[PDB]
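Enquirer:
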Amino acid sequence: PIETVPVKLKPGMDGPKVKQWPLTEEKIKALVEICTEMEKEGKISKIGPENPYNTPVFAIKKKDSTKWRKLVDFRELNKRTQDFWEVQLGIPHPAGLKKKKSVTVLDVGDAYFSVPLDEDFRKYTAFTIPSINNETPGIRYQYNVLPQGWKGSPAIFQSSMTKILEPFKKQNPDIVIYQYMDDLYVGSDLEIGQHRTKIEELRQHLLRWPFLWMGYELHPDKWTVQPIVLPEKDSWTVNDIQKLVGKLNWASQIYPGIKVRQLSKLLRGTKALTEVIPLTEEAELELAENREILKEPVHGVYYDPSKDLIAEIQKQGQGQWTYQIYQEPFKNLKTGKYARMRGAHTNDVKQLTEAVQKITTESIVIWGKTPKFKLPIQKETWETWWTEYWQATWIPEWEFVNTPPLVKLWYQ
Amino acid sequence: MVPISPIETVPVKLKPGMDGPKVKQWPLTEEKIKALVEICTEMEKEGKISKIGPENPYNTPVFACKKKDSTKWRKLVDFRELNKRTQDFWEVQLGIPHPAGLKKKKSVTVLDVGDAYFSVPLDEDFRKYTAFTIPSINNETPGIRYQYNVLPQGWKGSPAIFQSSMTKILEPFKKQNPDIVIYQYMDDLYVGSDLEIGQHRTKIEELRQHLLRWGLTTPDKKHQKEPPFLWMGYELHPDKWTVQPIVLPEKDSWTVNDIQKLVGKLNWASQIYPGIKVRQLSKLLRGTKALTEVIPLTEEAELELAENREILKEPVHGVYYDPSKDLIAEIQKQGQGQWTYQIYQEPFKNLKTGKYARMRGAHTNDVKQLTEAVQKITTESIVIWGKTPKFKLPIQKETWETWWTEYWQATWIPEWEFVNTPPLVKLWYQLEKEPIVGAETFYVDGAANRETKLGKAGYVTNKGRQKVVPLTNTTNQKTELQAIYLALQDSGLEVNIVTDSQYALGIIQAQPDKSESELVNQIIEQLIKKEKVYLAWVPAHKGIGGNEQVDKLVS
DNA sequence: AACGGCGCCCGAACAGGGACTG
DNA sequence: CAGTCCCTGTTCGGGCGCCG
Ligand SMILES: Cc1cn([C@H]2C=C[C@@H](COP(=O)(O)OP(=O)(O)OP(=O)(O)O)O2)c(=O)[nH]c1=O
Ligand SMILES: [Mg+2]
Ligand SMILES: [Mg+2]
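Residue numbers (the deposited numbering), protein chains in the order written: chain B, 4 to 212, 226 to 428; chain A, -1 to 553.
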């Protein structure tokens, strides 16, 4: 009884044609069981090979959850319908969500299954379930309702979502509610008991209309930044000052007031690397001034909503990972560091996976966007293991880099 | 008035703005003339081909070759112009089934659908786009033109439609027989069960009659009821499997196209024959772009080929997959970037073997290449068995721990254990983390002219030692590597080296043990002889230490 | 002399970043 | 500041094996 909202691709673009990658046995068995129930419920239907479009699919388990969840890699389809969920029916981002003391993320993707999808657009939601050892050809489906993981789903359901959340927002005018992809971000300044009590009222408010029982909690007021810090030693060697000048020279690309004149004067001649160099009176002055500039904020750094967010990650060793988020080079909007995540001291890929998920979550709260990541890993290494550790219902864009650390810039 | 088959049709459209095929026929021999006129007459009575007239302004030629070495002939249409204008299909064939992924089944039957493509209907609105004339005489009778009511062989959409139509027909039978395994690859059907031989043939006949309801025939010609079964190019026995006999050509004078077929068979043979190498044979296929050019076999390619033929002498076989047992993968280093592995569940009962010998990067080390071989085995194992095997690797736990914890990139290996089978993989040198007290400090640099390609390279040290070497036909990058080489040559066992070259430092910090650059290989040889080496970087053109002094010398 | 699938080893074309020259 | 170079990387299409 609902008229399907017309959905069109961006002009001049064809639908996604991305190959399905191999899945483990437990993932295929999970997807076969899930798709069988969805087909019995009419959410998906089998299709033939005359549909040239395809989108990868796999399965995940969220944090502390034993239940398999179907996840479609709609990244290609999403950027081929970008003028829909950003120009026609866009969701405004609340600037106060990041200021709230506690923010709980609720999985509401199952509500999208109640709204039919435009018949002319269902062909672009095609996916293929693989088989072990290629026993059978691929089992192809396409969606009949709004699919989870498609940016057009919360955009179309937004009108339906507003009416559902309208009584609750009137009951609590201080609560900030943000919707991104399949998730709902609920932030408040109430106490932990008061917050979780209000979260359950919202759950019951949604029930009167399979992962609604979970509530991942955030605390953006506790989020920290990792500035550039300089070492403080009692004695300095030629090697120490050579590393310091190298760090300050690169840092001058961010803070133009940094000087290295009185410090390079200490390195006059051809001295041994371990020779102790006492800092002169002017060198102490120049090093003290540089430490204050690193505390001052960077000039003219603000968020541009029309530009993409970029995230770079550095492996620092011993469970330490630093990251920077920017839109223009050396104009970082945020710098941070993670330590002692899951997989620390045993698994780099699980840590890097965890770090990407945290950075994306922070970007959704602060700006409403997911950044494109520059991952310090080989492509084949990441593509072999990352789905084993993924616990989120969205997937950011990423590319692969290889920058040897000439100077430890973000972590001494 | 042709009867509509029970198989549901597949709606096939064309690319917009384009029409159908209009290609003239190809003059062929009279042997092909008397072998296709009888086909278009038999298919017309069976409803597989209908005759058209002047209302169908299309045409397409058809060249024919014999069937797969048998009494029958094969008809294939040249739809290369129809494929350029037909809509794209998404292929549902995602890979090739491997016999090592088959589980033990008490009873096994291999079927083969007769007239696969000729038993599946074509779209009603698409039959008009398949027009072709048949001249009974090469230059007399104009010949009545026919059309296709089924799937023609040669069309780019025929395989995808048959595989999808076959699945929909097997779905109701598989739902009524869950314990029966049906490997469906094109038209050949591998049917297996743990039922008794008597009860197994009963369900086979039930399946044969089920397929017959849609016009799918399973004749007794290619019906296999007893081992060894010929399935997917293998020999399937009740408890083991092997590849069909592989014959390597033995010529006196070898050309380019012969080595390509030789390396191809050795790749196909390396899935069960352990220790096959194709490094030195494929090395002969470099540079020369003349397929009909004689290439003499090098001494390294001759010894490699002689060792491959001796492996193929003794017959080998693989076993089948048992889900109750673990998967084990063990890797050996064959030298010169060559790796061989075996995947098994019980010792010396290999499911399959394989090799990894890809050289990626100008500079690398054995640890990087071992990591790559592990990733290749993991993805291959997920395709065949859907899980990752436990690895047995010829690298100490301490060696691996040192590499991955110190590398700047994320790297990881799944659950594994050390196996002591030399040659062990190790790191051949370790750069120091702090400067070395008492070791001479070399400030190195090198510059080169973009135009004349001339350059210099040298160093200055804290003890007054100095060198400048002029170089001819070089680059800025090469002189920076040369400067580090000079400092390693002229230093003691412990040395501190200061450079401003991000390029040179990046190569050496990754601890390579092999390189496509002779200069880097010489640098590696020096780094191994040292006891301690500390590399330090400084920004160029900043008046920093001796770097400013050595910069004046070489520029 | 056809179609589709997968694998390997190959080279040409292309992208991208440091560094020097006008 | 552009426009090159040098070096190193990925993508892709074709050679071959094999299947239907
Ligand atoms: C071997 C082969 C096959 N095919 C297509 C056609 C039918 C299926 C199976 O081929 P087939 O089993 O050898 O012949 P088929 O048409 O089934 O006839 P039968 O011998 O089974 O009676 O794949 C093809 O298009 N080109 C080929 O070279
Ligand atoms: Mg057949
Ligand atoms: Mg230099």
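Idealized CB from N, CA, C, for every residue including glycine.
1. Distance check for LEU469/A and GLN269/B, CA to CA, integer angstroms please.
2. At a CB distance below 8 Å, what residues from the region 69 to 95 of chain A approach chain B? Give them in sequence order.
3. Tell me whether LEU12/B sits in a helix, a strand or coil according to DSSP, three-state version.
4. Using the beta-carbon count (16 or more within 10 Å), is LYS173/A buried or exposed?
5. Along chain A, which residues have their Cβ under 8 Å away from the Cβ of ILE393/B?
6. Tell me where the beta strand (DSSP E) around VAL108/A begins and ends.
7. Helix, strand or coil: which one does DSSP assign to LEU295/B?
8. Per DSSP, what kind of secondary structure is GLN487/A in: helix, strand or coil?
9. Could you give the C-beta distance for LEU289/B and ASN494/A, rounded to a whole number, given that I count them as a contact under 8 Å?
10. When DSSP labels each residue in this structure, what does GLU438/A get in the three-state scheme?
11. To the nearest angstrom, how far is the alpha carbon of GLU302/A from that of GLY15/B?
12. Relative to ligand 2, is the shortest distance from any of its heavy atoms to the C-beta of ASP110/A smaller than 7 Å?
13. Within 8 Å of any Cβ in chain A, is that where the Cβ of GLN174/B sits?
14. Quick check on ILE31/B - is its C-beta less than 8 Å from some C-beta in chain A?
15. What residues from chain B crowd round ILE382/A, counting only those whose CB sits closer than 7 Å?
16. Could you name the residues of the region 497 to 509 of chain A whose beta carbon sits closer than 8 Å to any beta carbon of chain B, in the order they occur along the chain?
17. Buried or exposed: which applies to residue 438/B, given that a residue is buried once 16 or more other Cβ atoms fall within 10 Å of its Cβ?
18. Pull up the DSSP beta-bridge partners for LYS32/A, would you.
19. When you compare the region 86 to 106 of chain A with the region 151 to 159 of chain A, are there three or more beta-carbon pairs, one atom per stretch, that lie closer than 8 Å?
20. Taking 7 Å as the cut-off, is the C-beta of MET184/A nearer than that to any heavy atom in ligand 1?
21. Rounded to a whole number of angstroms, what is the C-alpha to C-alpha distance between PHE124/A and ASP324/A?
22. Taking 8 Å as the threshold (beta carbon to beta carbon), is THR397/B in contact with chain A?
23. Between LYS347/A and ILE270/A, how many whole angstroms is the CB-CB distance? I'm expecting something under 8 Å.
24. So what does DSSP say about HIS539/A, is it helix, strand or coil?
25. At what residues does the alpha helix (DSSP H) containing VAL60/A begin and finish?
26. Between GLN23/B and chain A, is any beta-carbon pair separated by less than 8 Å?
27. Between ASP67/B, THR7/B and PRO52/B, which lies nearest to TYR232/B when the distance is taken from Cα to Cα?
28. Do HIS208/B and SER105/B have their C-beta atoms within less than 8 Å of each other?
29. Measuring straight from C-alpha to C-alpha, what distance separates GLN336/A and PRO412/A?
30. In terms of DSSP beta bridges, what is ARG199/B paired with?
31. Around the C-beta of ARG72/B, are 16 or more other C-beta atoms found within 10 angstroms, so that it is buried, or is it exposed?
32. What would DSSP say about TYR144/B, mapped onto helix, strand or coil?
33. Taking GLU370/A as the query, report the chain B residues whose CB atoms sit under 9 Å from its CB, ordered along the chain.
34. Below 8 Å on the Cβ atoms is my guess for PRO9/A versus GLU53/B; work out the distance and round it to an integer in Å.
35. Could you name the residues that DSSP lists as bridge partners for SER513/A?
36. May I have the straight-line CA-CA distance separating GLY93/B from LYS173/B, to the nearest angstrom?
Expert: Reading off the structure:
1. 35 Å
2. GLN85, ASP86, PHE87, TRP88, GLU89, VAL90, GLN91, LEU92, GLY93, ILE94 and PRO95
3. coil
4. exposed
5. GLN407, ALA408 and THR409
6. 105 to 110
7. coil
8. helix
9. 5 Å
10. strand
11. 53 Å
12. yes
13. no
14. yes
15. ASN136
16. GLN500, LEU503, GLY504, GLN507 and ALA508
17. The shown model of chain B, from 4 to 428, leaves out residue 438/B, and the question about it has no answer.
18. For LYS32/A, which the question treats as bridged, DSSP gives no partner whatsoever.
19. yes
20. yes
21. 51 Å
22. yes
23. Not a contact, Cβ separation roughly 12 Å.
24. coil
25. Looking at the DSSP string, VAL60/A is not in any alpha helix (DSSP H), and its letter there is neither H nor E.
26. yes
27. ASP67/B
28. no
29. 21 Å
30. Note: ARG199/B sits in no beta bridge, so no partner.
31. buried
32. strand
33. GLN394, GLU396 and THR397
34. 6 Å
35. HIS361/A
36. 22 Å
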